[PDB]
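Please treat every number below as a calculation from the coordinates, not as lab data. All Cβ positions, even for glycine, are placed from backbone atoms using ideal geometry, and neighbour counts span all protein chains on display.
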Amino acid sequence: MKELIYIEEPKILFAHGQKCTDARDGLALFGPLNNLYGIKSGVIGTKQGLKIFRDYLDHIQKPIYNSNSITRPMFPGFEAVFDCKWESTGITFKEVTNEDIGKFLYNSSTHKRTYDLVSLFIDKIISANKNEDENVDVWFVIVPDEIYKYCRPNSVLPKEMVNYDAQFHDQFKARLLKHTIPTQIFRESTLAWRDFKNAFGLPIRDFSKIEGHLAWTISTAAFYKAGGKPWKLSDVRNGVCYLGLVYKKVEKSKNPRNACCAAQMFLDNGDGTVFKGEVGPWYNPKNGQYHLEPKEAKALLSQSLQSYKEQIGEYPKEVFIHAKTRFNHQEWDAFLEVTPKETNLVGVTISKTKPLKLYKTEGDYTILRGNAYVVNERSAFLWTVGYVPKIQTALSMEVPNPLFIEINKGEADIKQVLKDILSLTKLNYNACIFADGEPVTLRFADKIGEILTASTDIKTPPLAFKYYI
Amino acid sequence: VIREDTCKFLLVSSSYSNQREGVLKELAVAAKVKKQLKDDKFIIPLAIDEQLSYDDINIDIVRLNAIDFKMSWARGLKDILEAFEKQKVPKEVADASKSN
Amino acid sequence: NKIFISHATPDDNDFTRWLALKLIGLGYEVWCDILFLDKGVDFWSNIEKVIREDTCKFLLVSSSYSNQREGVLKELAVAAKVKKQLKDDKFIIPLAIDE
Amino acid sequence: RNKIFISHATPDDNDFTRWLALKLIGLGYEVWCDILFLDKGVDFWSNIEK
DNA sequence: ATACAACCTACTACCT
Ligand SMILES: [Mg+2]
C-alpha cells in the first residue's frame, strides 16, 4: 500500500504586491498589475449582433451574481475590478448585412463557404484598420449561430437549404496575423442565451446560475487582449526558462507534415513574467513521426536561448521542455549541441493517458488537488484536478484524471518539476478560473499550433498571445 | 461602538434592509448619536438595490442624500472616498496587507 | 380613509386637540399622535405605515415650532412620496395657524 | 452673500451646468451647484433652502 | 502485409 505527497497550492501575484490563490478573488480585492485607461471596442456583425453586444456591455457594468457565491465568486462589475472603462459608448460599428451573410452561407462546398465568410469579415476588419481614423483596441466579431454551425470541418449543409482550414475560428485568426489585430469572436447565443430557445420553450444554454462566471471569463479575456496583465506568478525561480513543445498535423499541403510550435516562459530583471510564443513551426516531412530533426531542434533551441539572452543578458541556467511526447536520443543530442556548459537541459514528458483513478472511501467528493504519487526518481503522478477546499467543489466532473509527469531526459528533482507544473497551471489568461489541469505552456503552444497550421502563408508570425488566444 | 467609536455610519439600503428590525434599531441608535454629536452627515445611506424605489425608503432615511451604487460599484466607491476626504474623516496610510 | 395631522408635539397641542376633536365629532377618522394615551413600541414605523397605507389627506399644522421640526419634516417627505404615488395633487393641505 | 445658485434638471442638464459652474469658478465667482457641492448623507432640501 | 504492445493526433458530444 503506497503513500502520497502533497504539493502546496501556488500563489499568484496581483496589484500592490498581494499574493492569493484565486485569480477572481485577487482581482476583486486588489486588482490588475497594469493600468489600462480604457478599452475601445470595434463590433462587427448584423444590427441584431450590435444590439446584443451593446446590451451585454451595459449588463456587464452592474454586479452579477451566481447561485452560490462560495463555489463561484460574483462579478462586481468591470470597472470595479479592472479599474478601467469598457463601455458601450466607445463602440465602433462595421455593419455586415444579413443578405451578404446569406449569399455565402448556403454553398455546396464547406471550404468555399468558410473562406467567403472569413474573407467577408476580414475585409471589413482591414479596411477599418487602415482607412479609418479612430483607434480600436480589440475587434469583437459577433457571429450568427448559423455561421458557427455550418462552418465546421465536418459540418454538413442540409440539401434543402443549399489551402486554409475549413474552420471559421482558426482560419479567421490565421488570416489576420499579417496585420496584428487582437480579435474576440463571440456567438450571438453566448451573449443572448435567453433569446435562443429549443422546441420545449427553454434556452439551449443555461447561464442562469453561472452568469457571473461568464462575465468573469469574458472580461478577463477582453482585458488581456487589450494589453493588460491581470496577474503573474510569485514563486518562480531565477535563471530557469520553461519551454512547451506541441506537434500538429498540417492537412493544407498535399504531403502531411508535423509542425512543432512552442511556448516560452521566464522571469525578467523587472520581476515581470515574460510569457510568449516560439513560432515558425518547424515541420517534419515524415507522416506519423513527432520527433524533430537535428537541424530544426538546433534552430529551435538557438532561437529560444537567443530570445532569453536578449531579454535578460545571459544564457539561462536551467531549461525545461514540457512536451506531450517523449524525446528520442538524436533530437536530445542535437539539443545538447547548442546549450553551453552552464545551461542544464531537462526534458519532461507530460501525459494524461495513464488510467489511474483514486476513489475516496467514505465520501461523495474526490481526491484533494495537489496530491502526488512519486512512482520513482524520474516518474510521478500529479492531481492538478480535484477537490479544492477554497471553492468547496471539485474542478473535475466525475473522477479527476492524473498527470503522469516523467523526467525523460536530464537530471532534475521530480518534486521540483511537480511544483513547477502545478504553479504553471495558474497562468491561463484565456479563462478566469481556479487553476486548470494542463500546464499553461503546453496549452498555449497547442493554441498557437491550431492557428499556425491553418493558413500556410505565415512567414514570420507575432509572438504575443493576444493574436492567437 | 456606535455611541463611542464610529465617526461615520454607512447604511446599506436595499429591499432586504429597508424594514429589517435589527437594521432599524441600529438606525435609531445612530440617529441618537447623530443628534448628540451635532453632525449633519453622520448617517450615509448607500443605495445598492434597483428594485427598492426611491419612494419606498424608510422614514429615517427618506430625507438624506444617498450614494448611488446601483449603476456602478466603482462610481459608488469613488463617491464614498470623495465624501470622506471632503468631510475630513480620519484615516491612516493605505495598506493592502490589512485587507489581505 | 384616515386623516393625518402633523404638528409640533408639545407646542401646538391646543389647536391640534381642538381640530382633531371637531373633525371626530363631524364623522371623520382622525389619526393624531395626541389621540393615543399609551404609545406602542413601534412608533415611527407605524407612523410611516399609517401615512403610506391608511391616510387619504395629510393636514400639516404650519406654525413657527413646526417649521423646522425633524419629525414633521420626515412625515412631510413621506407624505409627499405618498402623494406622488397616488397621483393626487391635494394630498397635503397645510394649515397656517401662527402669525 | 457670495454664492451663485444654479438650478437645473439634475440628470438632464448635467453637462451645461457643470461647464458653466466650472467656468464661473474659473473667474473667481463662488458657485453652489447640487452636482458639485451637495454633500452626501445630508438633508438636501433643507440644505438647498438654507 | 498479418498478429501484438507502446505511443500519437484529429474531431464531436454533453455539464456547469
Ligand atoms: Mg479566448
TODO: Could you give the spread of the C-alpha atoms of chain B along their three principal axes, from largest to smallest, in whole angstroms?
DONE: 38, 34, 25
Open item on the list: Test of understanding: ordering A:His322, A:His291 by Cβ neighbours within 10 Å, fewest first, what list do you get?
Closed with: A:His291, A:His322
Task: Span from the region A:9-34 Cα centroid across to the region C:76-98 one, whole angstrom - done: 53 Å
- [ ] Round to the nearest 0.05 the FRET efficiency obtained for A:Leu356 and A:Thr393 when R0 = 25 Å and r is the Cβ-Cβ distance.
- [x] 0.65
Open item on the list: To the nearest 20 Debye, how big is the dipole of chain C about its Cα centre, given +1 on the beta carbon of each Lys and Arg and -1 on that of each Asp and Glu?
Closed with: 420 debye
Open item on the list: Are there DSSP H segments in chain C that both extend 15 Å or more along their axis (alpha-carbon positions) and score a mean Kyte-Doolittle hydropathy of at least -0.5? List them, or say none.
Closed with: C:13-25, C:70-86
Open item on the list: With 44 Å as the cut-off, how large is the P(r) tail for chain A, expressed as percent of Cα-Cα pairs?
Closed with: 14 percent
Open item on the list: Which one, A:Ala262, A:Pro281, A:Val319, projects farthest toward the positive side of the charge dipole computed for region A:246-319 from Cβ point charges (K/R +1, D/E -1)?
Closed with: A:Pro281
Open item on the list: For Cα pairs less than 8 Å apart in space and 6+ apart in sequence, what is the mean separation divided by the residue count of region A:1-120, i.e. the relative contact order in percent?
Closed with: 24 percent
Open item on the list: Just checking the output field for D:34-41: average partner chain Cβ neighbours within 10 Å of each residue's Cβ?
Closed with: 6
Open item on the list: Sorting check: for A:370-376, A:435-441, C:85-91, which peptide has the highest mean count of neighbouring beta carbons within 10 Å, and how do the rest follow?
Closed with: A:435-441, A:370-376, C:85-91
Open item on the list: Just to be sure I understand the model, the point goes 7 Å from the Cα along the line to the Cβ. What's the resulting C:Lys83 to B:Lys88 distance in nm?
Closed with: 3.9 nm
Task: Surrounding net charge for A:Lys112, when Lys and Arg each add one and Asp and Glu each subtract one, Cβ distance under 14 Å - done: 0
- [ ] With unit charges on the beta carbon (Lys/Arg positive, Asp/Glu negative), name the residue among A:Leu120, A:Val136, A:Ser88 whose Cα is farthest towards the positive pole of the charge dipole of region A:39-140.
- [x] A:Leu120
Open item on the list: Calculate the FRET efficiency for A:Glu160 and A:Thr89 from the Cβ-Cβ distance with a Förster distance of 45 Å, rounded to the nearest 0.05.
Closed with: 0.55
- [ ] Return the calculated 222 nm mean residue ellipticity for the protein assembly as shown, to the nearest 500 deg cm²/dmol, obtained by summing -39500 (n - 2.57) across DSSP H runs with n ≥ 4 and dividing by the residue count.
- [x] -10000 deg cm²/dmol
Task: Dipole-positive endmost among A:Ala166, D:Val31, A:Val374 within the protein assembly as shown (Cβ charges, Cα centre) - done: A:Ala166
Open item on the list: Looking at the protein assembly as shown only, what percent of DSSP beta bridges run antiparallel? Nearest 5 please.
Closed with: 45 percent
Open item on the list: Can you tell me which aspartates and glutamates have their Cα less than 15 Å from the Cα of C:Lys83? Leave out same-chain residues fewer than eight positions away.
Closed with: B:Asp55, B:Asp56, C:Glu48, C:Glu53, C:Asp54, C:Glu75
Open item on the list: Using a 10 Å cut-off around each Cβ of peptide B:47-54, what is the average number of partner chain Cβ atoms that fall inside?
Closed with: 1
Open item on the list: Please compare each pair in B:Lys86/D:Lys3; A:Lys19/A:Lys409; A:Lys229/B:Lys86 to a cut-off of 25 Å on the Cα-Cα distance and tell me which ones are over it.
Closed with: A:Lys19/A:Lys409; A:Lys229/B:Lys86
- [ ] Just grab the label-to-label distance for A:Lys209 and A:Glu377, each label 7 Å out from Cα along the Cβ direction, in nm (one decimal).
- [x] 5.0 nm
TODO: Any chance you could run the full-extension gain for A:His59 through A:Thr97? It's 0.36 nm times the residue separation minus the Cα-Cα distance, nm to one decimal.
DONE: 11.1 nm
TODO: Can you figure out the FRET efficiency of D:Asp13 with A:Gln311, using R₀ = 56 Å and their beta-carbon distance, to the nearest 0.05?
DONE: 0.55
Task: Dipole moment magnitude, nearest 20 debye, chain B about Cα centre, only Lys, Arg, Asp, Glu C-beta charged - done: 360 debye
Open item on the list: Give me the dipole magnitude in Debye, nearest 20, for the protein assembly as shown about the Cα centre, with unit charges on the beta carbon: positive for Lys and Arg, negative for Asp and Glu.
Closed with: 1760 debye
Task: Packing rank of A:243-250, A:332-339, B:18-25, A:399-406, where each peptide gets the mean count of other beta carbons within 10 Å, highest leading - done: A:243-250, A:399-406, A:332-339, B:18-25
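Counting pairs of alpha carbon atoms under 8 Å apart in space and at least six apart in sequence, what relative contact order in percent does region A:317-469 give?
Across region A:317-469, relative contact order equals 20 percent.
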Task: For C:72-79, mean number of other protein chain Cβ atoms within 10 Å - done: 4
Task: Cross-link pairs A:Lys51/A:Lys225; A:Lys232/D:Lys40; C:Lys2/C:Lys39; A:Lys40/B:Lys41; A:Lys390/A:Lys415; A:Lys249/A:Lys459 - those with Cα-Cα distance over 30 Å - done: A:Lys232/D:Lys40; A:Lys40/B:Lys41
